[PDB]
Amino acid sequence: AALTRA
Amino acid sequence: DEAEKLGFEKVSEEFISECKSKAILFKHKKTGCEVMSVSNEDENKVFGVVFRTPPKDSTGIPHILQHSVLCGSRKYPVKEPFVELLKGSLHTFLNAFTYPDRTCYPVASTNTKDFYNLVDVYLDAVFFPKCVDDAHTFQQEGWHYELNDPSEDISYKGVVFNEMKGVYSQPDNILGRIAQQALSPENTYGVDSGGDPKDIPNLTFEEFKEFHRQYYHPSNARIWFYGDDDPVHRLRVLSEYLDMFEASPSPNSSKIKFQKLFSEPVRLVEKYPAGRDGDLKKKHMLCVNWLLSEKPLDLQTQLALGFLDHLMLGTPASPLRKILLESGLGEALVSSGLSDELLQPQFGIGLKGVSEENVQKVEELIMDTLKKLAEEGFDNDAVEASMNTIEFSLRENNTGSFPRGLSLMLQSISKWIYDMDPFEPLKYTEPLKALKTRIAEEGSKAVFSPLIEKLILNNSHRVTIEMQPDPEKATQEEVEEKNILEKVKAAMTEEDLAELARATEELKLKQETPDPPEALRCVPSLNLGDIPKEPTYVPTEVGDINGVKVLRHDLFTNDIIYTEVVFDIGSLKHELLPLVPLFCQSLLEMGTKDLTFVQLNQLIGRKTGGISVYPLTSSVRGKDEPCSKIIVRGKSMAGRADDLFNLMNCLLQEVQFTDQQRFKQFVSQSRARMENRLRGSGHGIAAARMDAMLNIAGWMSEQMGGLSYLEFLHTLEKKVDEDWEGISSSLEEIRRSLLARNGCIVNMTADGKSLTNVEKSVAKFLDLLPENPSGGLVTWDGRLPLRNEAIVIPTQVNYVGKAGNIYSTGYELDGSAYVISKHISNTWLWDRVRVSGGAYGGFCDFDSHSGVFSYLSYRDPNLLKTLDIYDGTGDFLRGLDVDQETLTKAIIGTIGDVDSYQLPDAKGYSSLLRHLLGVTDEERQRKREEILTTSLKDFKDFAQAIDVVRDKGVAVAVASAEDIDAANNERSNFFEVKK
Ligand SMILES: [Cl-]
Ligand SMILES: [Mg+2]
Ligand SMILES: [Mg+2]
Ligand SMILES: [Zn+2]
């Protein structure tokens, strides 16, 4: 997984 | 020793030939913080800090903290320092990522002063955030109760809360989470680090604080520097933060534990949210998943598995991928492939769009196919294609707009974070050579069959997941959340509820009140004088070869040639337009008179770096006539240019449009793709609908990529069974209409020696084309009726759009528009649509070629409220006082977008597009000077231009059935309803 800010 | 005097022990040091770098591993003596410092001649410098942050529940702490640390720190006590960097820096990369077991904070820039500005904001954010001082940021970023009035229902709100409701509503995200957690139930991956919406409200500020205290400590940090900046200065920069801490034991707390392999396989049936007006019986999924080992696998096995993954799934011709798709049991692959970024490697394979009664068959087919590959093995032409393809990509190292230094960091960190060697994953020349040698000496069966057999077929650590559409899942979840909150309210006194309504109004006012310019002064910026007055230089030479325009870009490319051959589709019959994307796919996934599609693909894989074929469509500033092209984009070693152009001609001219069954599968794949575009990316759909109402370029793209395309796809399966000969002859007239020497354009990027050698191949290729196409010479008009439209999907979140043509006001393009548009996005829309409104994002888009200014929102709980924000943009601009430092920052931020770092192929490509769209170098320069001189007056002038979007702009939304009628009852017959 990878959850980003922008 | 400078290092030791600054408090660092040099642990290890190697030259990595692969990335022409000297890499040094330092350790901060006092805290034990490890630093990888990589020096080379790459001007795109990269920094990151990573913390090992395993969650122990599904409350989402790591994710919430990742959002919260970027909302104010010791040296930068403003609402959102991250957005200030977004606004006013020359960054090439700016983001933050939460992985299942680690949180990464990377920045990149080509400008050394800019780089260190970005690094300082990030270091101060992760180490000394304001979010641990009181609960405000936690409540906003995490979760809080909202009550607009004691007479109303309380709701849950928060950035991460809302984001995760978005995520937990996408079928493919649901599946991958179910798989990860079912594979690894006994370690950190068995819970959700992003946060489960059902569990986020269980989180307390105190737990959140403690998580930061423990894990955001240099002792638990790994730090990466990459690039051409001063090596010693990196350690000096870090000492400010590292010296402010004592050693902590938390790394012993944060260590990730291996999941012990199951002794028996697991079988699961799960639900995903679906629409009722859809044939549920047909939209099941089946995925089979494995954890491949407990032990870290030997370095040769790791490489061999990555090779195997490509061999089975890398191309449409790869057997596992190919066999699954041609079975006709599903629409498309899902959650498929090897992932080796976490502690243990995981392989998955499945299909979506499976009929209920065919689910066991997909499972049986997967197992049979995997057994067949182990028993019969892979043809040597397939193995050679994968090997060339792989060796080519590693040599090219084309990361796009993603920094090369970042890609390296992430490779290193994937082993470093588990306390393994950080240098090893960076190396590949020797391991790759050794694998090549084993294949020649023992054969592919002896290399790959034991991996399939023991890591997959005989691996009892297997999870099978069937996903079934549930038309009630979402309604039932809203029902449980509402009942939970009704009990919260019922348990409160009249004054408890008055207090909460007051906290709500207070919060709303806080987040709708920007920090003043005085406050934002804590975040430094470059001088307008630090900015080159000229655009990035790209050598272009316009020439002529066989009566054809040729653009040459003489750039160092490491002996690779990049070519684009551009054919015109401006005058294609309108009936043919929607078939263009499937036309492009057919060129690449059908055979010739002489070769099957597998043989052709393997030729391409063996001899080149790949070829793609795709449409490109845009307005051109100053003309009614659109730029409308099909592009054939190819690359190879310069020594194989001959083979590249031979193969391109083969694709273009020799492929036969006879494969009915493959064409049927393209349709299903496309339908699948479109359907989840609507679901998780509806803003792209709305943008396309609106452009289609506004200009011919827009109308053309929407025929090939929007709602009109999805509609066209549904009509197409009947047409494929009942009239294949009609489809095939349509495909054949597209080819006739496009393949011609006349008005073709050829783009080449390579160093000067290669280019000369390449021209002989280009000349020959051009020789083989007809002189002139068939069909008309006129570009015939098309448009959708200007209507406000709402497109119904099953979802929680919406995508809200508004747009109009600002040139129609008589506003004339000035480069200041780029500055202002960017400012609008990062201030007004950021604050109102995302932070205050609860959407994942909100932004504006200015097409300076057509004059269309668009507002868009992404995963938005609102609808008409969002349109209202869009309408208030002119008054926001008119209400602004922007001092010189504010202007300067907005300008720098735009120049960063304009001077964005490009690898040589992207340079030559951007140069091609400028030529196609009529942007001359003197236009570029005039527009840059206009950007560099944007003033307060510009901001006010532009306000009047975008007010035409408020007054005469069209709205398209992709939304819930609920929200569409709810909005059509508040504003009667506003939205026309498209299902
Ligand atoms: Cl763990
Ligand atoms: Mg557009
Ligand atoms: Mg001006
Ligand atoms: Zn997030």
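Annotations
- Check: the protein assembly as shown dipole with +1 on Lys, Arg Cβ and -1 on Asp, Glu Cβ, in debye: 1240 debye
- Separation in nanometres of the label points that stand 7 Å from Cα toward Cβ, at B:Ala490 and B:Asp153: 1.4 nm
- Residues B:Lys282 and B:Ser393, FRET efficiency given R0 of 41 Å [Cβ-Cβ distance, rounded to 0.05]: 0.65
- Computed log₁₀ I(q)/I(0) - Debye formula, equal Cα scatterers, no solvent, the protein assembly as shown, q 0.04, 0.06, 0.07, 0.08 Å⁻¹: -0.19, -0.45, -0.64, -0.86
- A straight chain from B:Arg502 to B:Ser293 at 0.36 nm per residue would run longer than the Cα-Cα distance by 69.8 nm.
- Length added when fully stretched, B:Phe556-B:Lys760, from 0.36 nm per residue minus Cα-Cα: 71.4 nm
- Rounded D (µm²/s) - region B:249-322, Kirkwood Rh over Cα pairs, Stokes-Einstein at 37 °C, 0.692 mPa s: 192 µm²/s
- Once Rg and the Kirkwood radius are both taken over the C-alpha atoms of region B:1-47, their ratio Rg/Rh works out to 1.02.
- Across chain B, C-alpha contacts under 8 Å between residues 6 or more apart give a mean separation that, scaled by the residue count, equals a relative contact order of 13 percent.
- Note on region B:264-329: dipole from Cβ charges, positive end direction compared against B:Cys287, B:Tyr272, B:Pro319; the farthest Cα belongs to B:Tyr272.
- Backbone N within region B:921-943 under 20 Å of label point (7 Å from B:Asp897 Cα along the Cβ vector): B:923-943
- With at most 14 neighbouring Cβ atoms within 10 Å, loop chymotrypsin sites (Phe, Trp or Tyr not before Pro) (DSSP) excluded, longest segment of chain B: B:1-536
- Debye, to nearest 20: dipole size of region B:252-490, +1 on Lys, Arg Cβ, -1 on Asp, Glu Cβ: 460 debye
- Loop-located GluC sites (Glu not before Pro) in region B:488-555 whose Cβ has at most 13 other Cβ within 10 Å (DSSP): B:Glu512
- If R0 equals 41 Å, the separation of the Cβ atoms of B:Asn676 and B:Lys27 corresponds to a calculated FRET efficiency of about 0.35.
- Residues of region B:836-860 with an amide N closer than 12 Å to a point placed 7 Å from the Cα of B:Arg621 along the Cα-to-Cβ direction: B:847-852.
- Taking every DSSP bridge with both residues inside region B:252-490, close to 70 percent are antiparallel.
- Sparsely packed GluC sites (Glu not before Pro) within region B:199-280, loop by DSSP, other Cβ within 10 Å at most 14: B:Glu246
- Computed label-point distance, nm, for sites B:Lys865 and B:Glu424 using a 7 Å Cα→Cβ extension: 5.2 nm
- In plain terms, the residue of B:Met690, B:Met648 with the fewest other Cβ atoms within 10 Å comes first and the most crowded comes last, giving B:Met648, B:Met690.
- Under the simplified labelling scheme, the B:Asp230-B:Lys593 pair shows an inter-label distance of 6.9 nm, with each label point 7 Å from Cα along Cα→Cβ.
- Chain lengthening between B:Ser17 and B:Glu481 when straightened (0.36 nm per residue, less Cα-Cα): 161.4 nm
- Amide N proximity, region B:100-125 versus B:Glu43 label position 7 Å along Cα-to-Cβ, cut-off under 20 Å: B:107-119
Virtual Cβ from ideal backbone geometry, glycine too; neighbours counted across all protein chains shown. Read-outs: derived from the displayed coordinates by stated rules, not from any lab.
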